[PDB]
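Novice: Protein chains in written order, with the deposited numbering: chain A, 518 to 544, 570 to 662; chain B, 518 to 544, 570 to 662; chain C, 518 to 544, 570 to 662; chain D, 33 to 57, 67 to 141, 150 to 309, 312 to 323, 323A, 324 to 397, 399, 412 to 457, 464 to 503; chain E, 302 to 309, 312 to 323, 323A, 324 to 355; chain F, 137 to 141, 150 to 196. No residue lacks a Cβ here, since even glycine has one placed at the ideal position from N, Cα and C.
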Ligand SMILES: *[C@@H]1O[C@H](CO)[C@@H](O[C@@H]2O[C@H](CO)[C@@H](O[C@@H]3O[C@H](CO)[C@@H](O)[C@H](O[C@H]4O[C@H](CO)[C@@H](O)[C@H](O)[C@@H]4O)[C@@H]3O)[C@H](O)[C@H]2NC(C)=O)[C@H](O)[C@H]1NC(C)=O
Ligand SMILES: *[C@@H]1O[C@H](CO)[C@@H](O[C@@H]2O[C@H](CO)[C@@H](O)[C@H](O)[C@H]2NC(C)=O)[C@H](O)[C@H]1NC(C)=O
Ligand SMILES: *[C@@H]1O[C@H](CO)[C@@H](O[C@@H]2O[C@H](CO)[C@@H](O)[C@H](O)[C@H]2NC(C)=O)[C@H](O)[C@H]1NC(C)=O
Ligand SMILES: *[C@@H]1O[C@H](CO)[C@@H](O[C@@H]2O[C@H](CO)[C@@H](O)[C@H](O)[C@H]2NC(C)=O)[C@H](O)[C@H]1NC(C)=O
Ligand SMILES: *[C@@H]1O[C@H](CO)[C@@H](O[C@@H]2O[C@H](CO)[C@@H](O)[C@H](O)[C@H]2NC(C)=O)[C@H](O)[C@H]1NC(C)=O
Ligand SMILES: *[C@@H]1O[C@H](CO[C@@H]2O[C@@H](C)[C@@H](O)[C@@H](O)[C@@H]2O)[C@@H](O)[C@H](O)[C@H]1NC(C)=O
Ligand SMILES: *[C@@H]1O[C@H](CO[C@@H]2O[C@@H](C)[C@@H](O)[C@@H](O)[C@@H]2O)[C@@H](O)[C@H](O)[C@H]1NC(C)=O
Ligand SMILES: *[C@@H]1O[C@H](CO[C@@H]2O[C@@H](C)[C@@H](O)[C@@H](O)[C@@H]2O)[C@@H](O)[C@H](O)[C@H]1NC(C)=O
Ligand SMILES: *[C@@H]1O[C@H](CO[C@@H]2O[C@@H](C)[C@@H](O)[C@@H](O)[C@@H]2O)[C@@H](O)[C@H](O)[C@H]1NC(C)=O
Ligand SMILES: *[C@@H]1O[C@H](CO[C@@H]2O[C@@H](C)[C@@H](O)[C@@H](O)[C@@H]2O)[C@@H](O)[C@H](O)[C@H]1NC(C)=O
Ligand SMILES: *[C@@H]1O[C@H](CO[C@@H]2O[C@@H](C)[C@@H](O)[C@@H](O)[C@@H]2O)[C@@H](O)[C@H](O)[C@H]1NC(C)=O
Ligand SMILES: *[C@@H]1O[C@H](CO)[C@@H](O)[C@H](O)[C@H]1NC(C)=O
Ligand SMILES: *[C@@H]1O[C@H](CO)[C@@H](O)[C@H](O)[C@H]1NC(C)=O
Ligand SMILES: *[C@@H]1O[C@H](CO)[C@@H](O)[C@H](O)[C@H]1NC(C)=O
Ligand SMILES: *[C@@H]1O[C@H](CO)[C@@H](O)[C@H](O)[C@H]1NC(C)=O
Ligand SMILES: *[C@@H]1O[C@H](CO)[C@@H](O)[C@H](O)[C@H]1NC(C)=O
Ligand SMILES: *[C@@H]1O[C@H](CO)[C@@H](O)[C@H](O)[C@H]1NC(C)=O
Ligand SMILES: *[C@@H]1O[C@H](CO)[C@@H](O)[C@H](O)[C@H]1NC(C)=O
Ligand SMILES: *[C@@H]1O[C@H](CO)[C@@H](O)[C@H](O)[C@H]1NC(C)=O
Ligand SMILES: *[C@@H]1O[C@H](CO)[C@@H](O)[C@H](O)[C@H]1NC(C)=O
Ligand SMILES: *[C@@H]1O[C@H](CO)[C@@H](O)[C@H](O)[C@H]1NC(C)=O
Ligand SMILES: *[C@@H]1O[C@H](CO)[C@@H](O)[C@H](O)[C@H]1NC(C)=O
Ligand SMILES: *[C@@H]1O[C@H](CO)[C@@H](O)[C@H](O)[C@H]1NC(C)=O
Ligand SMILES: *[C@@H]1O[C@H](CO)[C@@H](O)[C@H](O)[C@H]1NC(C)=O
Ligand SMILES: *[C@@H]1O[C@H](CO)[C@@H](O)[C@H](O)[C@H]1NC(C)=O
Ligand SMILES: *[C@@H]1O[C@H](CO)[C@@H](O)[C@H](O)[C@H]1NC(C)=O
Ligand SMILES: *[C@@H]1O[C@H](CO)[C@@H](O)[C@H](O)[C@H]1NC(C)=O
Ligand SMILES: *[C@@H]1O[C@H](CO)[C@@H](O)[C@H](O)[C@H]1NC(C)=O
Ligand SMILES: *[C@@H]1O[C@H](CO)[C@@H](O)[C@H](O)[C@H]1NC(C)=O
Ligand SMILES: *[C@@H]1O[C@H](CO)[C@@H](O)[C@H](O)[C@H]1NC(C)=O
Ligand SMILES: *[C@@H]1O[C@H](CO)[C@@H](O)[C@H](O)[C@H]1NC(C)=O
Ligand SMILES: *[C@@H]1O[C@H](CO)[C@@H](O)[C@H](O)[C@H]1NC(C)=O
Ligand SMILES: *[C@@H]1O[C@H](CO)[C@@H](O)[C@H](O)[C@H]1NC(C)=O
Ligand SMILES: *[C@@H]1O[C@H](CO)[C@@H](O)[C@H](O)[C@H]1NC(C)=O
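1) What are the residues of the segment 592-615 of chain B that lie near chain A, defined by any Cβ-Cβ distance shorter than 9 Å?
2) Grab me the residues of residue 531/C's own chain with a C-beta within less than 6 Å of its C-beta, minus the 5 sequence neighbours each way, in chain order.
3) Can you tell which of 520/B, 534/B, 518/B and 525/B has the C-alpha that lies nearest to the C-alpha of residue 630/B?
4) Leaving out five residues before and five after residue 122/D in sequence, what residues of the same chain have Cβ atoms less than 6 Å from its Cβ?
5) Taking only beta-carbon positions, decide if residue 662/B is within less than 8 Å of chain D.
6) Does residue 646/A come within less than 8 Å of chain I when only Cβ atoms are used?
7) Listed in chain order, which residues of the segment 197-209 of chain D have Cβ atoms closer than 8 Å to some Cβ of chain F?
8) How many angstroms separate the CA atom of residue 606/C from the CA atom of residue 593/C?
9) Report all residues for which the CB-ligand distance to some heavy atom of ligand 29 is below 5 Å; order them along the chain.
10) Any heavy atom of ligand 11 closer than 7 Å to the Cβ of residue 621/C?
11) Buried or exposed for residue 421/D, going by 16 or more other Cβ atoms inside 10 Å?
12) May I ask which residues mark the beginning and end of the beta strand (DSSP E) holding residue 497/D?
13) Applying the criterion that 16 or more other CB atoms from any shown protein chain within 10 Å of the CB defines a buried residue, is residue 329/D buried or exposed?
14) Three-state secondary structure (DSSP) at residue 80/D?
15) Measuring alpha carbon to alpha carbon, tell me which residue in 221/D, 298/D and 273/D is nearest residue 30/D.
16) Counting only the same chain and skipping the five closest in sequence on each side, list residues whose C-beta sits under 6 Å from that of residue 498/D.
17) Show which residues of chain E have a CB atom less than 8 Å away from the CB atom of residue 150/F.
18) Taking 7 Å as the cut-off, is the beta-carbon of residue 330/D closer than that to any non-hydrogen atom of ligand 4?
19) Looking at ligand 9, does it come within less than 7 Å of residue 541/B, judged from the CB to the closest heavy atom?
20) Taking the alpha carbon of residue 395/D as the reference point, which residue from 359/D, 352/D, 244/D and 213/D has its own alpha carbon closest?
21) Which residues in the same chain have their Cβ closer than 6 Å to the Cβ of residue 38/D, if we skip the five residues on either side of it in sequence?
22) What do you reckon, are the CB atoms on residue 423/D and residue 109/D nearer than 8 Å?
23) Can you give me the start and stop residues for the beta strand (DSSP E) that residue 489/D sits inside?
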């Protein structure tokens, strides 16, 4: 029930503890510790900015409009959400990550301009 | 009308100055000042993270789906929102705050999963 | 197409590179560099706080309910979006800015109270 | 059919190198330590298998820097013994000296500075021979060993060198993973890993070839080396039982002091009460023989089984690496372990180790610093646990004591910990779409 | 120059010129004459655009 | 053998330097540029380093 307790569990189980980990991201001698705190803050903010760019601000689970190319991972749902741990999944889409992030950004920009053109 | 000007007023009045206080939360000799700034930032981010977790991100007034068990405070809307100041209210539901925060977190997690299983 | 690449283009074109600039806002000897990092973070957070206050949290383009008093700039749309560059626009309406920001804040406060009084 | 869904707060991590913050309860546990050790929570990760590695763990390096730095800071307010770098005329000690003490001590007189610039005083003191160097070959004229190189700083007598445990805690965004496999040899997959908030307290004990007061193996002697077939690597042997060692400096010293300047006091041994005897340490003989037998049985699992394992004394180098160095009650001992490693193993007695004492030491493997340890009044006795050995390797294999590098002592405690960064953001396909 | 050194303190070495081997000559720098004369002519040509022609 | 242009530019100076031992001094002979020393008294070879 604690931090990373679900790390060895399947993705479909681990997705239920997202708030457990999210809350553990925030909190001359002493300079290097101060630098570490500042950098931890910058890291945190970059992840939040990125969720904002993709239109996922404010939520732990964000559905998008980008489809999954089978060439990234051709596994089915009962082989990704029942037979794999997030650690093993991360080391399978690791070299298709930037592709996905780029697509998510493009999808959100198209959605924002289209919504504005609909509010007229 | 300025920062904390409404502190001595009733909750039903003070609730209209939320932006006044929100805008005053941000901004070896000299090291202690950097340490203070970093900690002020971490504090700020933790408040924002909770609003994120509870689904209140981006707003100063947020309604929820958690009910008010009368065992926390059995006062009626009149007494709370037209007599008590926020300082007095906070000192009443001080013991029963962690409970409320835990309930808000659980409610949002239930809401996120249901919503996903409806856009499927 | 890089950072500030669109600075010399017209507003109607430059608006398509908002993510290019957003992603470049984040990332005794060494103290001055820590001060710079901390201040860059505080600057970033103040802008994000302000978007939150106005009800524009999480998005790069936000439409509001505040109308354009023509006294600020009586130029038409074909003169603002087809010819002027964001740098020239900023110079033109720079001293009527802190009026616009005040109006945006007031509009959102009214918007929040009306939605709570409706969710009743 | 499937769409990308973004998840945040995902229990995933990657190896990372960051700065850890110390938490404790006089050089160690300085004011620079978040006063906690609360209840460092341990959250067994169950079905996780993580590629642990010592001999890469950067925590070793951070601790090394920290300790060296804390040590140097403790000397910043202390007296510099530079007015004392003068010709010291020396003779033999007028006492009852045993054979093992010949000559070991010298009675040295010199002209010292004092509080007023136009005043001077004659001072004499007792020095160990290892702290002074003859000037002009065979002559009564001698100089302190470190006056041709760096200036010596007197340690402040109010500050105790006794090791104080320091816990190392992760900064937010990071976690420390602990390997609980009782048979873990320092590398490779660890089938039982838990997440901890902060490490246990580690005592920064400074010793060479015999590791003192460390952690014991849970079940069996564990032999850990970066590459067992590489003679350039050291072997750390963790014992599953302690061996008790009893050390003494059996001479009742009288400590005197002088002012060498305005608020600057120098401490020295004035005289010795009673006979002059050699410092020494006792190790139970049977216990030690059983301990080596266990080590041999485990070495034979890496080396041939029908083999011969021989132990021998360190072959060479300076006193810092040929002996067992340690701090006993504030004095610095250099004990001869040839009595412990003198046997061949083929397919209520005790061992006494002679010990030398020095007052002028360098501590870390550095050239530009030197420290004077004030002598301590009275008679010193300390008891400690041998918890591991540092060995090097030459049919028949021969092993000798090593331990010149301090990083290895710290590796014997930090080998079970790894630092990772949490990477909470990621994606996966689902049947859901906006 | 032959450089010699002494200790003046506890690990503190001082360096100095011990002796000079051979004759003593003045230090100096060479600038090509034609190159330098052309260089100033260009500078003058440009100065005349700010000053009288 | 000094070129005319260098006459008076260098001086050969003998001094008492400190040593490793606080109570001892050593005689040192070194070559200084005239620009780094100043005279002290006139009609005398007593010179001192410029910035003391
Ligand atoms: C391995 O662990 C053992 C067990 O902890 C350790 O032995 C301990 O050593 C310390 C330091 O020598 C002993 O502490 C002293 O105890 C006496 C007895 O009353 C006190 O009088 C001493 O106080 C004087 O000295 C202090 C400075 O050190 C001053 O601050 C004080 O004012 C006094 O002048 C001091 O407290 C301790 O008793 C032993 N423990 C046992 C069980 O013998 C051993 O040293 C460790 N091994 C290594 C290599 O570190
Ligand atoms: C070290 O030498 C000093 C003399 O330089 C010895 O001190 C003298 O001892 C005699 C005999 O007890 C006394 O009468 C003198 O008054 C002492 N002189 C001083 C200055 O104290 C000292 O005993 C010698 N110590 C050792 C260990 O040999
Ligand atoms: C300390 O200084 C004293 C003088 O105050 C030295 O005493 C000299 O000793 C030598 C050796 O016999 C004599 O020849 C001198 O005549 C003594 N000086 C005087 C004026 O009495 C003493 O040796 C010095 N000690 C050291 C080695 O530092
Ligand atoms: C270490 O071992 C030695 C023996 O080698 C012990 O020395 C004896 O100590 C008693 C007093 O307790 C004396 O009466 C004996 O005469 C000593 N023996 C010899 C041969 O001299 C010593 O006490 C032991 N303890 C330690 C180091 O703590
Ligand atoms: C520890 O003590 C032993 C004696 O037991 C010393 O060993 C002797 O060293 C010399 C010089 O190399 C050899 O010629 C002798 O043959 C050795 N004796 C034995 C019995 O082997 C050893 O050097 C001492 N070590 C230290 C660090 O002091
Ligand atoms: C999917 O993507 C293909 C292009 O991607 C190629 O393969 C991936 C794994 C990466 O290595 C990438 O660099 C390569 O360029 C396209 O052929 C294909 O049409 C795409 N399919 C869909 C459904 O769009
Ligand atoms: C998902 O796929 C499962 C296993 O199928 C086999 O192994 C994988 C790794 C591929 O090599 C695939 O071509 C093989 O056929 C099935 O057992 C499982 O039933 C499938 N699940 C669903 C619901 O499609
Ligand atoms: C309401 O509270 C009832 C009493 O239980 C507890 O004590 C009070 C003072 C609060 O601290 C509360 O949070 C504790 O649970 C419960 O028996 C009852 O089930 C609660 N009802 C609801 C709506 O949860
Ligand atoms: C609200 O209640 C007032 C009396 O308050 C009583 O005591 C407090 C502490 C609470 O326990 C409250 O529930 C009790 O009723 C009335 O005087 C007042 O008229 C009521 N106002 C209404 C009807 O909203
Ligand atoms: C539009 O603006 C008119 C003039 O505004 C005045 O001058 C500007 C620069 C500001 O200083 C503003 O505060 C001044 O009032 C107003 O008279 C008129 O009411 C405004 N109309 C609207 C739509 O509010
Ligand atoms: C837009 O305006 C162009 C000329 O602008 C004139 O001056 C500016 C400052 C404004 O006052 C504007 O309203 C004036 O008309 C015209 O050439 C152009 O035709 C106009 N286009 C449209 C769409 O009205
Ligand atoms: C580990 O796997 C077992 C099944 O072998 C399962 O019962 C247990 O819940 C799993 N633990 C975690 C943390 O997922
Ligand atoms: C993965 O899960 C599917 C559905 O439960 C199952 O049919 C398949 O055999 C599993 N494969 C394994 C055991 O990795
Ligand atoms: C990309 O990642 C996949 C899964 O980890 C791996 O099989 C493949 O070899 C990787 N390719 C490269 C270029 O490393
Ligand atoms: C303070 O109390 C008086 C009544 O005594 C009330 O009229 C006034 O509005 C209150 N002040 C504030 C800031 O609410
Ligand atoms: C203030 O308290 C009194 C007594 O409980 C109550 O009658 C009144 O309704 C409360 N607030 C107002 C002014 O509505
Ligand atoms: C809250 O807890 C404190 C300490 O137990 C107690 O004194 C106080 O009365 C409690 N207040 C409420 C509202 O229950
Ligand atoms: C610069 O101006 C020219 C017209 O003179 C236009 O064609 C070009 O697209 C403009 N450059 C950018 C970056 O907009
Ligand atoms: C202004 O906009 C018009 C219409 O797009 C265009 O034809 C003209 O070239 C633009 N002029 C400038 C200065 O960009
Ligand atoms: C304010 O801006 C307008 C338009 O740019 C300009 O005409 C006016 O002079 C400015 N006033 C000030 C305060 O400079
Ligand atoms: C002083 O001690 C040394 C070393 O033990 C010895 O060689 C020398 O003969 C002794 N001198 C006197 C005078 O006792
Ligand atoms: C000091 O003297 C010793 C004599 O054994 C010599 O080995 C060492 O190098 C000398 N140190 C310096 C800095 O000259
Ligand atoms: C430690 O154990 C691992 C088990 O995978 C083995 O590969 C490695 O060679 C062993 N190392 C030593 C020094 O025994
Ligand atoms: C150990 O050293 C030998 C030297 O011959 C080398 O061949 C071997 O690869 C090394 N082992 C490892 C794990 O690097
Ligand atoms: C160490 O001292 C204890 C008493 O404190 C004694 O029982 C033990 O036998 C001694 N051990 C050795 C090796 O001398
Ligand atoms: C040490 O072990 C060997 C081999 O078992 C044995 O022959 C010898 O007698 C033992 N010595 C002691 C003191 O126990
Ligand atoms: C090595 O000897 C042990 C007994 O000490 C035995 O159990 C093991 O099987 C032997 N291994 C080989 C390869 O002979
Ligand atoms: C090793 O033991 C033998 C007796 O078996 C003894 O003669 C020899 O001196 C000892 N060597 C050392 C260094 O103690
Ligand atoms: C040392 O001798 C003095 C004087 O007789 C005595 O008071 C003191 O207790 C002795 N100390 C020890 C450790 O024997
Ligand atoms: C040696 O280990 C035993 C068993 O853990 C412990 O009780 C004892 O205190 C330890 N000795 C020292 C000096 O720490
Ligand atoms: C500098 O030296 C080079 C030879 O290295 C020579 O060719 C060049 O002409 C010299 N320049 C001057 C200004 O003397
Ligand atoms: C420099 O230029 C001037 C003007 O052209 C000319 O009279 C003079 O002779 C030149 N000098 C040299 C060295 O070329
Ligand atoms: C200055 O002289 C140049 C020729 O060297 C000529 O081209 C230029 O026009 C003149 N300018 C004026 C202002 O006379
Ligand atoms: C020494 O040099 C000076 C110039 O600095 C000169 O005037 C003087 O005559 C020279 N004396 C001798 C003896 O060479």
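Specialist: On the basis of the supplied data:
1) 592, 593, 594, 595, 597, 598, 599 and 600
2) Residue 531/C sits at position 14 when you count from the first residue of the third chain. Counting only Cβ-Cβ distances below 6 Å, and skipping sequence neighbours, we find 523 and 628.
3) Against the second chain, residue 630/B aligns to sequence position 88. With distances taken between Cα atoms, residue 630/B lies closest to 525/B.
4) Taking the first residue of the fourth chain as position 1, residue 122/D is located at position 81. Contacts found: 201, 203 and 435.
5) Within the second chain, numbered from 1, the residue matching residue 662/B stands at position 120. Judged by the 8 Å Cβ criterion, residue 662/B is in contact with chain D.
6) Absent here is chain I; the protein component of the structure consists of chains A, B, C, D, E and F.
7) 197
8) Reading the third chain from its first residue, position 64 is the one you call residue 606/C. Reading the third chain from its first residue, position 51 is the one you call residue 593/C. Approximately 11 Å between the Cα atoms of the pair.
9) 301/D, 323A/D, 441/D and 442/D
10) Stepping through the third chain from its first residue, residue 621/C is reached at position 79. Indeed, a heavy atom of ligand 11 lies less than 7 Å from the Cβ.
11) Here residue 421/D is taken as the residue at index 358 of the fourth chain, counted from 1. Buried is the call here.
12) As a working note, residue 497/D is residue 428 in the fourth chain. Taken as a continuous stretch (DSSP letters only), the beta strand (DSSP E) holding residue 497/D covers 494-499.
13) Translated into positions along the fourth chain, residue 329/D becomes position 279. Burial call: buried.
14) One-based indexing of the fourth chain puts residue 80/D at position 39. Three-state result, residue 80/D: coil.
15) Outside the shown range of chain D, which is 33 to 503, sits residue 30/D, and nothing can be said about it.
16) Walking along the fourth chain from the start, residue 498/D turns up at place 429. Correct list, in chain order: 34.
17) Within the sixth chain, residue 150/F is the residue found at index 6, counting from 1. The answer, in chain order, is 326, 327 and 328.
18) Translated into positions along the fourth chain, residue 330/D becomes position 280. It does: the Cβ of residue 330/D is within 7 Å (strictly closer) of some heavy atom of ligand 4.
19) The residue given as residue 541/B occupies position 24 in the second chain. Every heavy atom of ligand 9 is 7 Å or more from the Cβ of residue 541/B, so no.
20) Here the question's residue 395/D lines up with position 345 in the fourth chain. Answer by Cα proximity: 359/D.
21) The residue given as residue 38/D occupies position 6 in the fourth chain. The answer, listed in chain order, is 496.
22) Stepping through the fourth chain from its first residue, residue 423/D is reached at position 360. Stepping through the fourth chain from its first residue, residue 109/D is reached at position 68. Contact flag unset, no.
23) Numbered from 1 along the fourth chain, position 420 holds the residue referred to as residue 489/D. Residues 486-491.
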